[PDB]
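1. heads up, no residue letters with this:
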């Protein structure tokens, strides 16, 4: 997925691979969760 | 602190209730929060 | 001494405070508060005791 | 390190044919804090000396 630039210069000035995955975490118990919606966990 | 909504003469921070609330000064804030590392105080 | 201190008033845990914006609120939460002089520890030393 | 990646948010917004002709419909209307180009800004301290 390629992206852009406010400086429209409608040109791919910046792209990064997007790569799904499967997150474990054996070690973490979120201590303030307020999924793909949140952040700041 | 308490980045809260509505401010009011004789009043000001509007914590909030059945209708509307307001705190008071023997304990306003002191050590409470934003805690979303991000709450950018916007309008209002 | 609870019964000799004229101006003592006990304070519950949530209402205690030593660091504003310097330690989370009631847990390992991050950097909570703004700033302020301490409240709780009730100094036991110094010219004021 | 800082407390949330960092702020540089090249607010970018879209892509397509001709020249990445752009306007990714699943847009991101100027949504685009991209991994703000580069390393994650931070400082050091010889936390051992």
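-> Right, received. Where do you want to start? Numbering: from 1, shown residues only, chains lettered A, B, ... in the order given.
2. Quick check: phi and psi on residue B:11?
-> Phi and psi for residue B:11, reported as degrees, to the nearest 10, are phi -150, psi -100.
3. For chain C, what lies in contact range of chain B?
-> Contact residues, chain C versus chain B (CB under 8 Å from any CB of the partner chain): C:15, C:17, C:19-21, C:24-25, C:29-30, C:32-34, C:36, C:39. To be clear about C-beta, it is placed using only N, CA and C from the backbone, and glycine gets the same treatment.
4. any idea which of those is closest to chain D?
-> residue C:30 (7.3 Å; CB to the nearest CB).
5. was I right about the closest one contacting residue B:38?
-> No: counting by CB atoms under 8 Å, residue C:30 does not reach residue B:38; the two are 11.4 Å apart.
6. Which residues of chain A lie near chain D?
-> Counting by CB under 8 Å from any CB, chain A sits next to chain D at A:1-6, A:8, A:10-16, A:39-40.
7. Restricted to strands, list these.
-> Assignment to strands by DSSP state E places none of these there.
8. Among those, name the buried ones.
-> Burial by neighbour count, 16 or more other CB atoms under 10 Å in any protein chain shown: within those this picks out A:2-5, A:10, A:12-14.
9. My read is that residue A:10 contacts residue D:17, right?
-> No: look at residue A:10 against residue D:17 with CB under 8 Å: they stay out of range, at 10.9 Å.
10. of all the residues in chain A, which ones are close to chain B?
-> With CB under 8 Å from any CB as the criterion, chain A meets chain B at residues A:32, A:34, A:39-40.
11. can you tell me the residue of chain A closest to chain B?
-> residue A:40 (4.9 Å).
12. how about the nearest residue to residue 30, chain neighbours excluded?
-> Just so you know, I chose chain A. Excluding its sequence neighbours, the residue lying closest to residue A:30 (CB to CB, 6 or more residues apart in numbering or on different chains) is residue A:41, at 5.0 Å.
13. You answered for a different chain; I wanted chain C.
-> Using CB to CB, 6+ apart, the closest residue to residue C:30 is residue C:24 (5.4 Å).
14. for chain A, which residue is closest to the average position?
-> Centrality entry for chain A: nearest residue to the mean C-alpha point is residue A:18, 8.3 Å, by CA atoms, centre = their mean.
15. which bits of chain D sit near chain B?
-> So far as CB under 8 Å from any CB goes, chain D lies against chain B at D:3-4.
16. What residues does chain D have near chain A?
-> Proximity of chain D to chain A is confined to D:4, D:10-15, D:19-24, D:28, D:30, D:32, D:34-35, D:37 under the rule CB under 8 Å from any CB.
17. Show me how to select, in ChimeraX, the buried members of these.
-> To isolate the buried members of the residues of chain D next to chain A in ChimeraX, using 16+ other CB under 10 Å:
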select /D:10,12,13,14,15,20,22,24,28,32,34
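18. quick one on the thing from earlier: let's have the buried ones among the residues of chain A next to chain D in JSON lines, adding distance to residue A:24.
-> Shown next, in JSON lines, are those (distance: CB to CB, whole Å):
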{"residue": "A:2", "distance to residue A:24": "30"}
{"residue": "A:3", "distance to residue A:24": "29"}
{"residue": "A:4", "distance to residue A:24": "34"}
{"residue": "A:5", "distance to residue A:24": "36"}
{"residue": "A:10", "distance to residue A:24": "40"}
{"residue": "A:12", "distance to residue A:24": "34"}
{"residue": "A:13", "distance to residue A:24": "35"}
{"residue": "A:14", "distance to residue A:24": "30"}
